[PDB]
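# Close look at the chain arrangement
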Amino acid sequence: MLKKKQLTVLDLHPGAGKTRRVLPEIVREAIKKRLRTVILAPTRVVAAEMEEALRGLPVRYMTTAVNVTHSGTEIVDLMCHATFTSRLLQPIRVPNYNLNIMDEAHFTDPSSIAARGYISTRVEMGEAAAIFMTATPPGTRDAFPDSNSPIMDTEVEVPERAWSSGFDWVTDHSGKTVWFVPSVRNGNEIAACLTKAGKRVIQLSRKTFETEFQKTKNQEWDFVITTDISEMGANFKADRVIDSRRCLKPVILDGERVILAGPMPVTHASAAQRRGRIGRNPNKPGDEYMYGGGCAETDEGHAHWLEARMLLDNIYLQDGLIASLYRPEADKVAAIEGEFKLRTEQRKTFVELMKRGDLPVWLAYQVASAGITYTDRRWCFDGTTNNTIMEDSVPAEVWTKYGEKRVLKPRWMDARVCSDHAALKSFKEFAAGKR
Ligand SMILES: CC1(C)OC(=O)c2cc(Br)c(O)cc2O1
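Notes on the structure follow.

## Remarks on the environment of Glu 391
By secondary structure assignment, the location of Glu 391 is in strand β15 (residues 390-391). Among the residues examined, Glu 391 registers a relative accessible area of 23% and is labelled partly exposed. Remark: the alpha-carbon pair of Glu 391 and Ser 149, spanning 242 residues in sequence, is separated by 47 Å. When near neighbours in sequence (up to four residues on either side) are disregarded, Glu 391 contacts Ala 396, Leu 424 and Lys 428.

See the structure below:
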């Protein structure tokens, strides 16, 4: 696996031991061969689980999620998928790793797709080896893979709103349930309905993941209501998964705006990962998987693959060459390699709008390519009337950095800046010049 010019896909079924059993063996072999190695974790929670599996091995943990006193002689680095891509983009020297290991390599966030593109190109060039660890590689058509113990799979109508009757099976259950919803707002309504019925509910989403995930260990719960973030190695002690089989899809319209389309069917990879949360204990057969719709290839035309191209066009590889997306996911976007390449100063603005501004990739690109500087927020207020952002059925308003009350009306509308109360609050702070 570790020899140059080779990319290996380690596709053992969910719960087969890729992280706890296979990963330490690969690391020992890499250290024995003096291979400068990088291990890429999707989240800070997975990074913490990896430190437990690799305890006693000389690994440099480039994350504050782990508290370790490094020796300074480690040749193995561990960091998140987003940190790797961020460091490549910035004027920071990233070693050219001989071995690149990506855990939960199915992650479809733009920074993860970009990391796969960069690593696979280095391998194609004959410069590095790579191991992608996932039960569901890109393009998988099997939503029902093998598991540690048998699962009861049931196609059933799943509520997506509060209900009064017709879904007794949901609340009549006495075990623990992990329920995947298409959005934070949809999970809020189902959570409220379950709480009113006497259930103890925890909610998880990208922004709250590390903090709220700890509650799944620290307190008794009946339900976990989660978005698709829990498809990336988050493990639970549960006996049932309820899966709406739906997700939101960011779509770029006429290259001028981003909408959150759907809810629409999840990919087979996502469904297999959601189901994969249960059937993990070989001594507990009969875990349930209730699913409320079919699968479709909704990653085709999904904005994340276009956003991965914007990131890869701005990463130095060799002279004017640009890394391609990983071959099995390369047809998900129609893009000219190099079309998003920015000049030095615009690239710096693009990076800062993402890193400090916390803006979606697409939106950060529109601002930086228009020649606007990071602190210039006039674009948050000079868009067309149809770009007015609404809050509680009335236009959102902020005090500008000049002390003037203005309606939020960005020149470029990206629905992810107001997909929920938390996102809109963060965007309002940005428009006001507060970060
Ligand atoms: C990832 C980030 C920003 O934060 C860390 O926790 C960290 C730790 C080490 Br060690 C390192 O070399 C670099 C790092 O930079």
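Next comes the rest of the account.
## Let's talk about the nonpolar core
If you look at the biggest cluster of nonpolar residues, it comprises 62 residues, and the most contacted ones within it are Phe 84, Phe 350, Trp 379, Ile 389, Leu 408 and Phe 427. Among the elements of the structure, β2 (37-41), α3 (81-89), α4 (110-124), β6 (129-133), α9 (303-313), α10 (344-355), α11 (361-369) and α12 (421-431) are those that each provide at least two residues to this core. Among the elements that make up this core, the one with the highest residue count is α11 (seven residues). Non-local contacts of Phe 84, meaning those with residues more than four positions away in its chain, are made with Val 38, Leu 40, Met 79, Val 94, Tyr 97, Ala 115, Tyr 118 and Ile 119. Residues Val 178, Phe 213, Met 264 and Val 266 belong to the second largest nonpolar core, which totals 27 residues.

## What about α9?
Among the eleven residues in α9, eleven count as buried, and that is most of the element. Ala 303, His 304, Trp 305, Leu 306, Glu 307, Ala 308, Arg 309, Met 310, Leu 311, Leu 312 and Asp 313 are the residues of α9 that are buried. Elements in contact with the buried residues of α9: α3, α4, β12 (246-253), α10 and α11.

## What to know about the pairing of strand β9 (residues 201-204)
Residues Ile 202 and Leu 204 line the buried face of β9, whereas the alternating positions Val 201 and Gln 203 sit on a face that is not buried. With four bridges connecting them, β9 and strand β10 (residues 223-226) associate as parallel partners. The residue bridging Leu 204 from the neighbouring strand is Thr 226, located in β10. In this fold, the crossover linking β9 to β10 by way of helix α7 (residues 209-218) has right-handed handedness.

## Some details on the sheet that holds β12
Judged by pairing direction, the sheet is mixed, and its three strands sit side by side in the order β12-β13-β19 without closing on themselves. Every other strand in the sheet has two partners, leaving β12 and β19 (413-414) as the edge strands with one partner each. As judged from the two bridges shared by strand β13 (residues 257-265) and β19, these two strands associate in the parallel manner. Across the sheet, the residue bridging to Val 258 is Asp 414, located in β19.

Analysis parameters
- Residues numbered from 1 in each chain as written, not as in the entry; some residues may be left out.
- Heavy atoms only, no water.
- Helix = DSSP H or I, 4+ residues; strand = E, 2+ residues; numbered from the N terminus.
- Buried < 20%, exposed > 50% of the residue type's maximum accessible area, 1.4 Å probe, protein only.
- Contact = heavy atoms within 4.5 Å.
- Core = buried A, V, L, I, M, F, W, Y, C linked by side-chain atoms within 4.5 Å.
- Pairing = 2+ DSSP bridges.
- Right-handed = clockwise from strand over helix to strand, strands pointing away.

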